[PDB]
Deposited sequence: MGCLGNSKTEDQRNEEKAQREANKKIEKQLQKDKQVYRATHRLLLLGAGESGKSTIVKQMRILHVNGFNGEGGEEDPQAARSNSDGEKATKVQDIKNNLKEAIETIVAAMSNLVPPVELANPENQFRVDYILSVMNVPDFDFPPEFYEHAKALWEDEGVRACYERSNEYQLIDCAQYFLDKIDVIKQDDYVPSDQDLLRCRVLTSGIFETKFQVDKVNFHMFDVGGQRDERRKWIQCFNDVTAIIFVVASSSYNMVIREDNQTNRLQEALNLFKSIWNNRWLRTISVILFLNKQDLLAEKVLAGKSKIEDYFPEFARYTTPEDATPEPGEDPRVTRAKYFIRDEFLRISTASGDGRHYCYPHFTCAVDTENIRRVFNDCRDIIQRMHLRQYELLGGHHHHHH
C-alpha cells in the first residue's frame, strides 16, 4: 500500500523556483477558479513598478529619467506604494505604462540586480494593457509567472501512469527553513532548486549574501545532512533562460562574482542544446560543476546526485525533465 506512493520534497533558497514547479505539476498532471489570481498578478505589477522607481534615486550613481515630466507619475506611484486595499483604478495603468516607457526607468531596471526585485517584472509590465482589461483572464503562462511567496508546508498529490506522487513545498527563505525537518523522515527523494540566473544578486534576508552562494551553502547543508545520508538529490538548475540572457548580454560578468570561473574550461561530457552559444554552455556547466564538487566530495554511494538544466516557467522543458526523474526514481527505489 504505502510503498506504491512517492514522497518528494522541494528544497532551495527563496525564489529559487519551487512553487513554479508544483504549478507545472498541476498544469501537467492535475484536474471562479483563477479570477482570484488576477488580483495577485495586479500586485506583482504594482510591487514591480513601484520597486523600480524607488530604486532610481537610491542607486549609485542614481538614475535620472529621460522624461522629467514623468516625475509627476513617479510622484503618483510613490504616493500609492503602501496603500492597503488598492482599488487599481485606470490611472495606475496609464501611469505605470508611461513610466515603463521612460528609457531612464528601463535603464534602472537593467541595474535590478543592485536591489531586490521580483522575476516577473519585465514580463508583466510588457503586458499592462492586457492585465488592465476588466474582462482579463490570465493565461497559463501568467499563473506560472505570478509570485506569491511560500509560507508553510504544502502537500500536493498527482498521479503519472497510475503511479503516485506526493509533493511538499516549503519556504526557501531562512526563517522558513526550520520547517524542512518535518519532511525529512520518509522522503523518497529531494528536489533541490537553484536560481542559476541569480549569480549576480544578494539574498532578500540580509541584502548582502550572494544568492547562488547561499544556494551552494544550502545544498552543502542538505547533501551532508545527518538525516539525509541515504536520500538522493535531483538538482534542478532552474531559470536557464534568464541565465542564458545574462551571459549573452555581457553586462555583469560571472568571474566578477565567482572568480574561479576565470579558470574553468568547458567539460568533455558536455551535451549542448542544438545551437546554444559555447559561452552559455560554458556558463551553465560551471554552475553545475560548482554544485557537483560538493556532491562528489562525500556520500559513499549511499546516495547520489542528479543534475538537470531546467526552466520552470516552461512546461515544455519541465515535462521532459520531470520524466527524466521518474526514470531515476523507479530504478533506484526498486
In sequence order, which deposited residues have no C-alpha?
1-35, 67-85, 389-402
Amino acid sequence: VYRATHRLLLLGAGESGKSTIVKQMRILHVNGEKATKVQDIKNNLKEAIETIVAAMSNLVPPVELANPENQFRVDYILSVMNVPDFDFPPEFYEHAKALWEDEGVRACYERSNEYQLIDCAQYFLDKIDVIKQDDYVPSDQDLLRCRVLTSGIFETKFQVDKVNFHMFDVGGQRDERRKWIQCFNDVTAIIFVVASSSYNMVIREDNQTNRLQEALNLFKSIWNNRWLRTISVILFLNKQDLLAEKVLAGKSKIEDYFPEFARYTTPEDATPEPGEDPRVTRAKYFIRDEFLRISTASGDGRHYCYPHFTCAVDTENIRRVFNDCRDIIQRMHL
From here on, numbers count along this sequence of modelled residues.
315-323 versus 14-22: which one carries the higher mean Cα B factor per the record?
315-323
Regarding 247-255 and 124-132, which shows the higher C-alpha temperature factor on average in the entry?
247-255
From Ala283, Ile49, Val38, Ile294, which pick has the Cα B-factor that tops the rest in the entry?
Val38
Between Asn185, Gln173, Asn217, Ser112, which one tops the list for C-alpha B-factor in the PDB entry?
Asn185
Tertile call for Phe236 (CA temperature factor, within chain, third-based) is the lowest
Determine, from the deposited record, the chain-internal third of the Cα B-factor for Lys179: lowest, middle or highest.
middle
Select lowest, middle or highest to describe the third in which the CA B-factor of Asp87 falls within its chain in this entry.
highest
So where's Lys42 on the chain's Cα temperature factor ranking, which third?
lowest
By the recorded C-alpha temperature factor, relative to the other modelled residues in its chain, which third is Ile77 in?
highest
